[PDB]
Structure formats: structure tokens, C-alpha cells
Amino acid sequence: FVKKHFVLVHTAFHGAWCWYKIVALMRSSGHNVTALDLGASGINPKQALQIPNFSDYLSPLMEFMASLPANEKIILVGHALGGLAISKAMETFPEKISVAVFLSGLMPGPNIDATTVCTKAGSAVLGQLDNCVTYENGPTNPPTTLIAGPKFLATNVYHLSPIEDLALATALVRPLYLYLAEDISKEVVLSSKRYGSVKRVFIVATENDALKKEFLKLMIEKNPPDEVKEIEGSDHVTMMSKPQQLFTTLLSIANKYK
Amino acid sequence: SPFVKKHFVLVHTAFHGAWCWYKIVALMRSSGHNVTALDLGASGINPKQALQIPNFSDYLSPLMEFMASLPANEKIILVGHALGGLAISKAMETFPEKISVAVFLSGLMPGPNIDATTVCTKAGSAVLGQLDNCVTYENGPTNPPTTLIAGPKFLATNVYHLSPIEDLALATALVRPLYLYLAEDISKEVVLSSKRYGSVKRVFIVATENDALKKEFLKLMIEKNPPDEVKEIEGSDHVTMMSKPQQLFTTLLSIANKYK
Ligand SMILES: CCCCC[C@H](O)CC(=O)O
Ligand SMILES: [Br-]
């Protein structure tokens with residue numbers, strides 16, 4: 001047994017709360033774990049319209065990374081959209097990261113920019129079922145924020161999760177500011193000497209969706225991780241639908257990747 | 001007793017939000033009932049920050065607005081947990097006609113007689129200064145502490161001691177500061193009468209292992225402001241919707257059928 005320090009990063013609309021089952025499992029196993037709320041997420045004080053710049057959204061993780069003690073290194077886990085966040089962290093504090101885990105996360109790199117990963121990622125969310133957007137820059141300009149609907153969550157996100165988790169999420173999801181893919185690419189700049197220096201592990205956790213898996217496969221090709229693992233039977237929120245398997249997998253990764 | 005779709009409205013306590021009722025919300029929607037769980041001011045994902053709502057009325061407004069927008073002919077089963085007891089008491093006074101029956105789950109239940117001032121002071125004594133809870137002074141030492149922040153240990157020990165470990169983890173990621181409202185403010189905001197507030201059916205649900213609000217204190221309130229009935233849920237810690245979801249749910253449907 002070696003005490004590890006896990007740092008968990010949620011995806012769009014979510015917050016630190018979505019990892020509650022994982023956090024409980026890590027803590028009861030004696031490990032340290034930090035689940036951050038990104039800007040305007042969970043109980044972060046900012047509202048969507050107050051953080052129009054991507055850096056504002058990533059602020060919480062970046063500040064936490066900067067306060068990490070000297071010797072300490074962590075297992076940085078990014079979920080879906082959260083991959084962009086941990087990517088920025090890897091580039092900024094490479095020495096502080098033992099291993100980075102992209103749980104179905106947007107994993108941009110030199111051969112596949114944030115514009116490609118985000119355009120496709122948002123592809124399966126925008127204009128889906130009961131989702132809806134706002135227009136702060138006039139109804140004539142691109143949408144300002146994206147709000148996830150109850151139906152969308154039930155049928156596309158939590159479809160393989162306990163019903164109470166859908167209910168939990170329905171009461172907690174918050175709007176996502178629609179950051180410009182350009183703003184994003186200027187914010188997330190990766191180099192081989194830093195980002196590329198961090199051990200990287202990708203976890204495929206997609207179910208009954210070829211196109212989506214083809215997307216994940218595409219990213220893996222363009223920006224080859226150190227390892228690819230897989231979890232089966234998961235919906236979009238693995239920490240909700242396959243908690244024990246995810247925990248087991250993260251523990252394994254933390255143990256072998258010193 | 002035949003199943004008849006009703007509308008349950010859940011009101012959380014200090015530091016919490018609609019999120020704490022997730023297991024109950026799921027059970028109710030599963031059974032075919034309507035349920036609405038609200039975030040009071042600066043609670044859960046409500047936009048306001050504690051310091052921005054120093055007046056109790058701004059804490060209670062999400063509830064008051066919801067009640068007012070309630071289609072004139074529908075009634076609801078209003079459930080308030082602990083501090084949430086004051087919020088529902090207010091709604092019962094303002095919208096008695098719209099409440100089929102009110103349920104106080106370990107809830108502060110001041111009557112037309114015993115003022116919240118008295119109860120609020122007792123409730124405070126059970127949280128303020130407990131374990132790792134702390135206060136703030138955004139207005140200087142010359143003035144009263146401005147907010148109250150629940151500590152991880154206070155939660156684990158006095159509130160979630162009989163709940164699944166994952167629920168304590170969820171709470172430590174969601175609990176928010178509570179503005180320290182003055183009893184004078186609350187007392188003027190929560191004016192109850194036997195004419196309005198008194199006309200609504202009331203049930204109190206006791207949590208036998210409640211280490212947050214002691215049985216002694218809970219007992220007295222029932223003494224001073226007799227409810228139409230009192231039920232108990234054994235093995236329940238303070239967060240009954242956490243430690244004993246199924247029993248709380250069944251008890252709620254039972255109350256609903258009785259005071260239809
Ligand atoms: C417009 C950006 C949409 C990002 C969607 C995420 O990648 C997937 C999700 O978590 O729903
Ligand atoms: Br309380």
C-alpha cells in the first residue's frame with residue numbers, strides 16, 4: 001500500500017459532486033483525493049456569464065495545481081470535456097503529475113487540435129433533445145451558453161446509471177459557457193517537452209455508439225497515449241454507472257505508474 | 001387506499017440544497033408521484049452567495065415564489081427538514097389553502113405561540129461552535145459573525161453518522177455557508193397564527209438517532225406546538241433522506257394518504 005493523491009476533474013455541466021462514489025471509495029481505501037469544481041460548476045461561486053474566457057473556467061484547477069506541496073505528485077483524472085483542463089495542467093505543472101488519465105476525455109495534441117476535438121464533442125450535445133442555448137451577443141451571433149435538459153441527461157448521459165443519480169444530476173447540472181474553439185486553442189498549447197513528458201493513460205468507456213468510439217479511436221491515433229484501457233457497460237458518466245470498475249482501474253493505474 | 005398522484009415539495013435545511021433529496025425524488029418519481037425539491041437562497045445551485053442575502057426573506061424566496069406560481073387549484077404535501085421547518089412554516093401562513101398537509105422532518109417547528117426566536121436560538125446552539133464548524137466576520141468583530149460554515153467532521157459525526165459513506169462525500173462537495181440571520185429578523189419574517197398556519201394539517205417525523213438536533217429539543221417543540229401526529233423512523237441520523245431513504249419515502253406516502 002502506497003498512499004496516493006487523486007485529483008478528479010468533471011466534464012461539462014457537472015461538478016466535483018459527480019465523483020462522489022469514487023471519492024468515497026478512495027477515502028475508505030486510505031487515499032487522498034481532491035474533486036475540483038471548475039468555473040461555474042457545482043458550488044463554484046461564479047456564474048456562466050461571468051467567466052466568458054476559457055482560462056476563467058480552468059482557473060480552479062490551475063490554482064489548485066499551483067498550491068500542491070513540493071514532493072507531492074498526483075494522479076490527474078479528466079473526464080470527457082475535462083480532458084482539456086488536465087491537458088493544460090500537464091503542460092503547466094508536468095513535474096507535479098505522476099500520471100494523467102483521460103476517462104473518455106478530449107485528448108488534443110499536435111496532430112489533433114482542440115478545434116477538432118471540441119467541434120466533434122459538442123456535436124453530440126448541441127441541439128440534442130431538450131437541450132437549449134442562450135444568446136447574450138444577440139440572436140444573430142453564436143449561442144452564449146449551453147444548458148443540458150432532463151431528457152437529454154436521462155437518455156444520453158445517465159441511461160445506464162441508478163435512477164437516483166439521474167435525479168441528483170437533474171438538480172445539480174449548471175450551464176456551460178460556449179467558449180470559442182479559437183480561445184480554447186490559444187489557452188491549451190501543448191509541447192512535447194512538458195505535456196508530452198507526463199505519463200498518459202486513456203480509458204475507453206463508451207457503450208453502443210460506434211461513431212463516438214470512432215472519435216475516441218481517432219484521437220488515440222493522432223495523439224498516442226502511453227496506454228489504453230477499457231471499461232465496458234458504461235454510459236456517459238462512468239463514475240455513476242460503473243463506479244467499482246472505474247475505482248479499481250484508477251487504483252491499478254496509480255499503483256503501477258509510480 | 002388507492003394510489004392517487006400527489007405533488008410533494010421538499011425543502012432542505014441549512015448548508016444543503018435540493019440535491020440532498022435525490023434518493024427520495026427518485027423513489028417518488030418512480031412510484032408515479034410529482035415531486036419538486038427546491039434550492040433556497042444561496043443553497044445548492046441557487047445563484048446567490050450567502051453574504052448577498054443577509055435578510056431571511058431572500059433566503060426563503062425561492063419557496064415563496066414557487067408557492068405563488070402554484071396553479072390556484074392544486075394542493076401539495078410540503079416537507080421541511082430541520083431549518084427548512086421555518087421556511088415551510090412561512091409558506092403555511094401565506095399559502096395555507098395550497099398545502100394539503102405539512103411535514104416537519106426533525107424540523108424547527110415554532111407555533112403561533114413559541115417564537116422562532118426561541119427555537120432559532122436552540123437550533124443555533126446545536127451547530128455553532130460544534131467540532132470543526134466555524135464562523136466569519138465580513139463586518140468586523142464589532143458586529144455578529146456573518147456566516148456559518150459546516151466542517152467535514154461536524155458533518156461526518158453529528159449529521160451523516162448513520163448514512164452511506166458516499167453520501168458524506170457528496171455532502172462535503174456540496175454544502176455551502178449559511179448566513180447567520182438575526183433572530184429579530186427571523187421573528188419578524190415568520191409571523192404565525194392559529195388562524196392560517198394553524199389551519200394546516202401537520203405531522204412531525206422524528207429521527208431516533210438524530211445527533212444534530214437532540215431528541216430532548218425535538219420533544220419540547222412538539223410539546224409547545226402539538227402536531228396532528230408524530231411518527232418515528234428508527235436508526236435515522238439527522239439526514240433521514242440519506243440514512244433511511246426507503247422508510248422516509250413510505251412514511252411520506254402514508255402521511256399523504258391519511259391527510260388527503
Ligand atoms: C460544446 C462543448 C460540448 C462538450 C461536451 C462534452 O465533451 C461531453 C459531455 O460531457 O457531455
Ligand atoms: Br441543521
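As the structure lists them, so they are numbered: ligands from 1, and atoms in each ligand from 1. In the text below, chain A, chain B and the rest are named by the order of the sequence lines, each starting its count at 1.
A:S87 places a side-chain N or O within 3.5 Å of a backbone atom of A:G83 that can act as its donor or acceptor partner. For the pair B:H16 (side chain) and B:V11 (backbone), a donor-acceptor distance under 3.5 Å is absent.
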Pairs under 3.5 Å, N/O atoms on ligand 1 and on the protein: can you put them in a table with the distances?
unit_1   : atom_1 : unit_2 : atom_2 : d
ligand 1 : 10 (O) : A:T11  : OG1    : 2.6
ligand 1 : 10 (O) : A:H236 : NE2    : 2.8
ligand 1 : 11 (O) : A:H236 : NE2    : 3.4

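Contacts of A:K229 classified as side-chain hydrogen bond (donor to acceptor under 3.5 Å, both in side chains), with partners at least two apart in sequence or in another chain: A:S252. A:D165 is linked by a salt bridge (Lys or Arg N to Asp or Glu O under 4.0 Å) to A:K21, counting only residues two or more places apart in sequence or in another chain. Residues passing the side-chain hydrogen bond (donor to acceptor under 3.5 Å, both in side chains) test with B:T13, sequence neighbours excluded: none.
Between B:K219 and B:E216 no salt bridge is recorded (no basic side-chain N to carboxylate O distance below 4.0 Å).
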